[PDB]
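Before any questions on binding or motion, here is one chain by itself as structure tokens, the form deposited in one PDB entry.
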């Protein structure tokens, strides 16, 4: 079968030279519509982004959107069982920057998360999830405005590697035999009818993630980088991550001991600000983000903890449905709606397009088109403050004007 992707007539491919993006005034940007409500949120995103771009650069710049496939629609386009075409992986890497709506993975076919598949296949080792409060957002906590963090979640290793064997399977038995007999393992409480999973954490995987986190704090003049881990129980994976992260701060960024330790100060080479590098045990951290959110800023953590932390933080600022996210690697980046596919509402034009729209904001910023990105943030802030919102917000507040998904995209534009 031939590619069903149509490369835009007008439009030029973004290139990368010396680790820096070279973006034309007419970049071709691949986008995956997304399953379920992607059908509602993606069009709203396309419209909002084009407006921000038009408004910021007076027509001098324009994105040439190119639809690519993954998920249910992909099976619809490329046929039964083509959930993630090789061409989509090729195209994202080729065009450098892309965006996607939500995706779901089918059950019953032994297929692993398509979202994780994209991340791992493309080596997008940074899952970047910034979490801030938008004034006017109905929140479950008393002071959501104190929350302004940026999560750098390691995206290529940890238990997400997908290395595991089913209880009673011959492989699981093989692995357990090896562990008990050759490794001398005596700690498996119940070796029978036992599932086994492997959790890897490497020096290189950890340092490239933390390096990106510290560079981000420097580039954005943030106040601190917190290494979140459960190293007191998992000494060689989680504790190693913490150790390697502080070691990198010291080796590459001149981090030096604060008082008697364990924290370090890294001087911002551009503002002279001293960035604090510290660490918090993961369970305690889930308490600290609620109790002393003002003390945290950039967070660097492993894959699973980051999955939990980003979800917990989004919920607390009332942002469960408008949380932006990006998956960034050294050769390309994939921005994404971070919520689910909500099939019950799909096609109804009712869900909140705020998440994919703020992911588009991150995308534009990544492309260096910061004026367009600032217009989207400004639009999002005014629409929400205007209390002209979608049902998920409206139902939690008084005096709100209920808007459809499409209408909220307009409201964002009306507020740029």
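Numbering follows the first chain given and starts at 1.
Not pictured, yet referred to below: the form deposited in another entry.
The listed residues are 322, 100, 307, 350, and the one at the hinge between rigid parts moving between the shown form and the other one turns out to be 322. The distance between the CA atoms of residue 165 and residue 85 is at least 3 Å longer in the other entry than in the form shown here. The pair residue 17 and residue 252 approaches in the other entry: their C-alpha atoms are at least 3 Å nearer to each other than in the form depicted.
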